[PDB]
Amino acid sequence: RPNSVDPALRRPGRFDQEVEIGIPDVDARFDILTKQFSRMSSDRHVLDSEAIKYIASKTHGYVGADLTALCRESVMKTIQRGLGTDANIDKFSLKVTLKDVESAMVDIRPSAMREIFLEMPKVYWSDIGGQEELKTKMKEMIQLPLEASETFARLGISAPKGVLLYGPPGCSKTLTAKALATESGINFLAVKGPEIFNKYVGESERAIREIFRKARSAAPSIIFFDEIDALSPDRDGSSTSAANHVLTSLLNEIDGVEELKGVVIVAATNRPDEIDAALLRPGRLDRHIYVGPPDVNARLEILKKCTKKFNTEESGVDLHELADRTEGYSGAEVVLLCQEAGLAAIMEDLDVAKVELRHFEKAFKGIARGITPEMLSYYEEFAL
Amino acid sequence: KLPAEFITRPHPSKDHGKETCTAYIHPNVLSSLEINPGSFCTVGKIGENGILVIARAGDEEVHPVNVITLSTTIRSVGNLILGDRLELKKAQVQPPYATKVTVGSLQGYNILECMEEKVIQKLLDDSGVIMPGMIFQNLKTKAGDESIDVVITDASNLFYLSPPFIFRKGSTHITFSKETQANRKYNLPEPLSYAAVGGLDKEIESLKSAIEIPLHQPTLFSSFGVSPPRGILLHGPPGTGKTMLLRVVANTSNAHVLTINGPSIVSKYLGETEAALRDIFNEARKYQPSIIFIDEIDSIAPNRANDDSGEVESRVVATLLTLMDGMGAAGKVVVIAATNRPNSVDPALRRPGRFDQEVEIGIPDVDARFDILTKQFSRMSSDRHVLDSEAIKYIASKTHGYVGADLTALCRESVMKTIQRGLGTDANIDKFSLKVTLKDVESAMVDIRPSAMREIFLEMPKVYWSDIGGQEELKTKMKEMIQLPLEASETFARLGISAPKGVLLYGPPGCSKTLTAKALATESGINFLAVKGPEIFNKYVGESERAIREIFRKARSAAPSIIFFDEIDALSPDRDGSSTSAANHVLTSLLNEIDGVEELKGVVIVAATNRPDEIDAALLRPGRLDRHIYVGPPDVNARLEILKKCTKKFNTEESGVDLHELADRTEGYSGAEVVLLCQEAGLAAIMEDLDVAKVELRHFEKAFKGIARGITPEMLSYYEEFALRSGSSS
Amino acid sequence: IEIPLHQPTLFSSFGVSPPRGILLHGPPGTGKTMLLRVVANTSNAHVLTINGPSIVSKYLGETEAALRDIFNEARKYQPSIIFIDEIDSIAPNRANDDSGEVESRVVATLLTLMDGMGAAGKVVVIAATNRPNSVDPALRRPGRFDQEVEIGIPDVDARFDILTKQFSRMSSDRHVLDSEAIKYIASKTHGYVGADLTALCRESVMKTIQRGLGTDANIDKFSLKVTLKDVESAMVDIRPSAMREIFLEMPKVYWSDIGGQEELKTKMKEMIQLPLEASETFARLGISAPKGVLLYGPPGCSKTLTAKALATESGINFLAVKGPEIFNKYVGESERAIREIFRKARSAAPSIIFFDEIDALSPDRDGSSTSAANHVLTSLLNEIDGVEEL
Ligand SMILES: Nc1ncnc2c1ncn2[C@@H]1O[C@H](COP(=O)(O)OP(=O)(O)OP(O)(O)=S)[C@@H](O)[C@H]1O
Ligand SMILES: Nc1ncnc2c1ncn2[C@@H]1O[C@H](COP(=O)(O)OP(=O)(O)OP(O)(O)=S)[C@@H](O)[C@H]1O
Ligand SMILES: Nc1ncnc2c1ncn2[C@@H]1O[C@H](COP(=O)(O)OP(=O)(O)OP(O)(O)=S)[C@@H](O)[C@H]1O
Ligand SMILES: Nc1ncnc2c1ncn2[C@@H]1O[C@H](COP(=O)(O)OP(=O)(O)OP(O)(O)=S)[C@@H](O)[C@H]1O
Ligand SMILES: Nc1ncnc2c1ncn2[C@@H]1O[C@H](COP(=O)(O)OP(=O)(O)OP(O)(O)=S)[C@@H](O)[C@H]1O
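From first to last, the protein sequence lines are chains A, B and C. Under the working numbering, the first residue of the first sequence is numbered 2, with each subsequent residue one higher. Under the working numbering, the first residue of the second sequence is numbered 18, with each subsequent residue one higher. Under the working numbering, the first residue of the third sequence is numbered 633, with each subsequent residue one higher.
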């Protein structure tokens, strides 16, 4: 914690140059693991200089100390595996294979991940049905700047820093934000919501510095802001008094990230008035993304996603008819149809993977849909 | 000097020779206690009856003063774990000759499957003193037996755990018995094994691999590049049995055992407090292999982030940091830390190299509760009278939200149920032959409560489904949303789906709404929670979410559970722009907690309010309030059952008070409006005559003239638009 | 208490260790402290007393060392009973910000010693508290306090049995036979948790003696009896424990002084007087008296005068709230006064709470008024008729 050190000892004349150590990337992971397992050397004989690449790609976000802990738990996977078959088996002759290393990640909690208390139930692109148009725009504004960051420096094109999502409730929103990091992505960090106010005055103020203390973690770290209403819901345009200083700290630490650095602000919200008249400045939020209701084609893929286990075709249910009649449902409202339909089907008589068309109809009449998907009267021209 | 502190160490030679009972303690201690090398000495725990062991003089040059060496059988008699403190005493009575000695085996093998009886006399001939409970293993097998063990179950006593006796070969009566348990009349203890712990079998297997290997085979990791992991981070919710797991390791592993539980290392002197840790570790490293057990480490290792941490406590945690890394051993010493708060561990302790192995002491689920309950009755099978694999499953399934500690209390309360019945039928009946039946457990179910519910106090008067009439649609949804996820959980897994966890109840004033929650508190099968909103709001900044967090923290541990949110409109922040200071953060916390229980958890959110249209649009997102149920006003059919609800005791069948006539005249009556008529009309009858035997029609006639309607026509119009609001026709 | 300390063979047959740990919680005045003394004097076992901070010392480890040696004495001398008066004082919930390192070790000692194996033997621990929710939840798990008994406020039946013994302890200066007056005195004492019942006996002696010496101040003070009128004078001057926190003038109001309004007076007796005098009637019919009445009309009528006489000629308690007096600027205090006042009302049950100008505290909720009024009313709706029958 260099910031926790007294600034008197950090003034010029004491340490002119300091180096901030970041999280090793995929290129550095092979070099670390090669030398760490160089002590193992041919005892494994399963390396082939290619097995580490699979491990390094899967083991993402590791600070580096846990890489040695991976080796310690790898030995735990073996030995016991050998002793499981034979009681007097020679432990020295046993070797570690790819299966033991992969299974070790189950009982391994990375030190960096332990601090960042997140759940992230392994969301992939399979669950995100439809929104093909949405993916292309996000890739051209997020994937390319992150992967080709060195290229953008020579090109000189200003990156569209600052991404915000506004749309009807039930859409992906946060779902797409956390899914990108899964497929060969980078570290994702988000707040828990009740973090702006903790207790005493100044304890939460210094917590803002602790959040931004890590700054770029590997290449780089991203600090998402889900539920932006938790930061500045009021006390800005009315009843300010002397309690709006917390928002000032969160806004003075975001302009020091330059443009072509990779550190951007990504947030998800539903009320445009919660954006507040402070992020419309030229450099905070210049481009606006509207995640509207899915079209008919999107629901067709979503329906198959939420009816994968259901026979559908075997029972005699047409998927195209369901997608057309599900118009007006916004995102999650489409998915909820099966769950309500599933409960009715089971209660009939010991339902085992037998869902008919009438089950969809029964649940269709007892689910409410979104109302007024036009936001707070302003969604195109961000000028009030 | 004559120190009062001693430790236990196994005998260097294990050959069942003349050292069966003779033990070497110290050449000088025996002299200082006026004990001859061969006289009688009493050794036992502090505050407990000692075990009469034979005192012998060893080599003073090699044997340390504080070390006491025992035999291969002494530690097994009293379950004397290696490293436990001792209290040396003396015996002044010549032991009576053993008239009868019983021979038994723990493994369920008869003594006839062991060596010849002539050999048995040679096995125990020079022991001299024999007390019940002597266990000796690694005995020679005549046949191809895998393993044999002989335990002296009984033999036939002032401040003595077992009756002292002197064995005599050729003149002692020997009886062969098949007993496999320690005698209950002597109240002898029993060792704890891995299979003695039910439900948590998966965690035990991981623990055994990470403990046996470093203690007995430390060169495996050294030859495998990296040193073996040091430090065990054992954490689990309270009541799972964290304390016994450390004891199980001590009772299973055969090595030096040192336990540091609670603030036992705190001393008045400044330097003495920090010196205790160094002395304990030095003892552990001197007699490797050894295990150091730490319980409630967070109580002595503060996280140092808060300002409440003291200087003394900061030095205690720093001592472990400077000593865990700074030792010359390769990892033969294993440190286990037991705690219930994962976040209370010191940040330096959580760094890699200190707690390499982290084990979560999981809360037993429905499947695990069957395993633990089955094993508990094994040690009480003499008076069990419990069906096998049939009654246990029914009891285990109904114990929703249990953590493991309540099951022991439930079984203990099961015995108490027989005591009240046994003594009630006959005050002098024999209570040793009493057997627990299915009804006793069911009776004990209501008298045993989960630990997570100890902090929740609500009256919750017993209101049943019969208290609600003509609500079949409401009863249709509740069974599917509560019983089906648990009674048929395999069907959901077959479809690979989870039932929706949201419901937006709304009913006119006078209807059930909250009354259904009372039925939920009566017929749900699981734990029930309610919030007396808007009590969650607090004056201090940041405590509004913390109050929700503390109440919602119990839901995760006691999953599955049902939480009832009465009048959720106040919970949702007001959009009119008045007093919008802290309610906005309340909405954010509620939404985030909903998404946090998606890992196949049983958390259910139930809400009911009189203003469905005054809530934020975020709560209408699927996954939070999935179902919109219109529990409308009672109709003619409903009020027919409503009348029988509270007037069943009334003698209206004999004469007067026609339910059908009331039903037609009570159009638009809510559940409360019908009850109001009974209260108003009933007061008319009481004033006419103090003794009331029947109710006439005129009592209701006077009441009818002074009762208004609590369900305005505009009230119904508000909810119909809410029910169909997404474009109405579209 | 008896079985764990007197029948060691019974638990030997079963595979479950004897239960250990008794904690008593409830409102003050129920008699929690007295029950501790009764057990100590009746049961023949070692008694250890911890009256509040009786084991707290200025030294760092002396407080924790005292617990270990005291519990070791119980282990050495069995059977033993350990009494910790106000156990919550030395064992806080460990969740409040006020708790520091001092309270951490003291509570942790209880977890270590009472784990079910540190003490063992024939040692049983019995404790009491006034706020069960303020104690450490870790202590409430099985193995430390297996069974928790709630000592509630005595009802009419419970008070009569308690009051009968106190008057009949001496049996010499009783002056009443067949318990006709004792039941009458017990029936007219509502909300007497037991401390006031003892105070009623104490004030009964106060009412007499003065009357005996008033006519002539030269008689035997050991030859003076206690009459029914003395207790009647003693009961009116004693306020309920929950009512001891109320500071009101309360001018005397009589119903005979109110001319007219016969209809209003007719329906009042059916609400309070009738349940007291016709308790057996409701049990036969299975009904409950209505507890909600709205008074309205043009200004200038009696109105508030009706509620003043409720505490005078009803025989039950009465709590007065000045309407919007519950309002507070802070978020956590606006509706807190609603629960705090009714907590005293439940303690002083039965009691009547009267509200002045409920319109201000009850907005129409149709999209007007302020949130603070809406926040209060939502609390009001739940507490008056919600998850609690009241
Ligand atoms: N492919 C999909 N398309 C639409 N909805 C989906 C899809 N997959 C899952 N869902 C549902 O979407 C829900 C999440 O909806 P969200 O829009 O994220 O909720 P939210 O109200 O926006 O709150 P946040 O911003 O996510 S914290 C999940 O609970 C799923 O039921
Ligand atoms: N095999 C078992 N699995 C689970 N619980 C068991 C088992 N055997 C016994 N128990 C009971 O589990 C409980 C564990 O002790 P507790 O006092 O509940 O520990 P604890 O309350 O969690 O204290 P902490 O959390 O360590 S401070 C006891 O009531 C035991 O009787
Ligand atoms: N079938 C019935 N349904 C509902 N209430 C009934 C029924 N039969 C009798 N009642 C009585 O009617 C009362 C209605 O009270 P509540 O259900 O608490 O009011 P509510 O419908 O929840 O509306 P609130 O709480 O004021 S928004 C119950 O407490 C019962 O005493
Ligand atoms: N037979 C009896 N039944 C009930 N109460 C009695 C009886 N005899 C005496 N009492 C009274 O019961 C009371 C017992 O004291 P407690 O009410 O336990 O003290 P307390 O007010 O609860 O204070 P704490 O905080 O609990 S120590 C005394 O006031 C006794 O006078
Ligand atoms: N027959 C009577 N009815 C009512 N009050 C009477 C009567 N005779 C005398 N009074 C006195 O008149 C007073 C009138 O005071 P209140 O009725 O309390 O005032 P109010 O008319 O109710 O106006 P509010 O309630 O403060 S808006 C009573 O308190 C009595 O002291």
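Note that beta-carbon positions come from the ideal geometry of N, C-alpha and C, so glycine has one too.
Remark: the shortest separation between the CB of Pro774 of chain C and any heavy atom of ligand 2 falls under 8 Å.
Counting only runs of at least 3 residues, the stretch 576 to 609 of chain B fully encloses the following beta strand (DSSP E) elements, listed from N- to C-terminal order: 578 to 583. In this structure, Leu69 of chain B sits away from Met151 of chain B, with a CB-CB distance that is not shorter than 9 Å. For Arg26 of chain B, the enclosing beta strand (DSSP E) stretches over residues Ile24 to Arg26. Excluding its 5 nearest sequence neighbours in each direction, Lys719 of chain B has C-beta neighbours in its own chain below 6 Å: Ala701, listed in chain order.
Listed along chain C, the residues sitting closer than 8 Å to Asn357 of chain B by beta-carbon distance are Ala770. A Cβ-Cβ contact shorter than 9 Å links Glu77 of chain B with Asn45 of chain B.
For the set C:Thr761, C:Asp768, C:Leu832 and C:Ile783, the Cα lying nearest the Cα of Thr796 of chain C is the one of C:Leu832. Set against 8 Å, the gap from the CB of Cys339 of chain A to the closest heavy atom of ligand 1 is not smaller.
Beta-bridge pairing by DSSP links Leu832 of chain C to no other residue. Assignment of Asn360 of chain B by DSSP, reduced to helix, strand and coil, places it in the helix class.
Each of C:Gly955, C:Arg737, C:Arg876 and C:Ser800 was checked against the Cα of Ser979 of chain C, and the nearest Cα belongs to C:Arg876. Residue contact with chain C for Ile308 of chain B: absent (no Cβ-Cβ distance below 9 Å to any residue of chain C).
When DSSP assignments are scanned along the stretch 640 to 684 of chain C, the uninterrupted stretches of beta strand (DSSP E) that are 3 or more residues long and fall wholly within it turn out to be 654 to 657 and 678 to 683. Assignment of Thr290 of chain B by DSSP, reduced to helix, strand and coil, places it in the helix class. For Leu145 of chain A, the closest of A:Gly263, A:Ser239 and A:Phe361 by C-alpha to C-alpha distance is A:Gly263. Listed in chain order, the non-local C-beta contacts of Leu251 of chain A below 7 Å within the same chain comprise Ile209 and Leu232, local neighbours out to five positions each way being set aside.
With the criterion set as a beta carbon lying under 8 Å from some beta carbon of chain C, the members of the stretch 186 to 209 of chain B are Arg201, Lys202 and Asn204, in sequence order. Contact residues of the stretch 571 to 596 of chain B toward chain C are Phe581, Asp583, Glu584, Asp586, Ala587, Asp591, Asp593, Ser595 and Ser596 (C-beta to C-beta distance below 8 Å).
In this structure, the CA atom of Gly186 of chain A is about 40 Å from the CA atom of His417 of chain B. If the five residues before and after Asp274 of chain A are omitted, its C-beta is found closer than 6 Å to the C-beta atoms of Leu377, all from its own chain and listed in chain order. With a 10 Å radius around the Cβ and a threshold of 16 neighbouring Cβ atoms, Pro577 of chain B comes out buried. DSSP, read as helix, strand or coil, puts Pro724 of chain C in strand. Counting C-beta pairs with one atom in each stretch, the stretch 128 to 138 of chain B and the stretch 39 to 53 of chain B have fewer than three that are closer than 8 Å, which means they do not touch. With respect to chain A, the C-beta atom of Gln374 of chain B has a partner C-beta closer than 9 Å. Taking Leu503 of chain B as the centre and dropping the five residues before and after it, the same chain places no C-beta closer than 6 Å to its C-beta. For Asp166 of chain B, the enclosing beta strand (DSSP E) covers residues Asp166 to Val168.
When DSSP states are grouped into helix, strand and coil, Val863 of chain C belongs to the helix group. Among the residues facing chain B, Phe189 of chain A is not included, as its CB has no counterpart in that chain under 9 Å away. Inter-residue distance for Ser800 of chain C and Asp729 of chain C is about 50 Å (C-alpha atoms, whole angstroms).
Relative to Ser144 of chain B, the option among B:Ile183, B:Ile514, B:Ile446 and B:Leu178 whose CA is nearest is B:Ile183. Contact between the stretch 688 to 695 of chain C and the stretch 279 to 296 of chain B is established, with three or more Cβ pairs separated by less than 8 Å. Relative to ligand 3, the beta carbon of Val164 of chain A is positioned no closer than 8 Å to any heavy atom.
Note that the stretch 746 to 760 of chain C touches the stretch 644 to 658 of chain C; at least 3 beta-carbon pairs, one per stretch, sit closer than 8 Å. Inclusion of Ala770 of chain C in the 8 Å shell around ligand 2 follows from its C-beta lying nearer than that to a non-hydrogen atom of the ligand.
Just measuring C-alpha positions, the residue of A:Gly171, A:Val202 and A:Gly284 sitting nearest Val247 of chain A is A:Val202.
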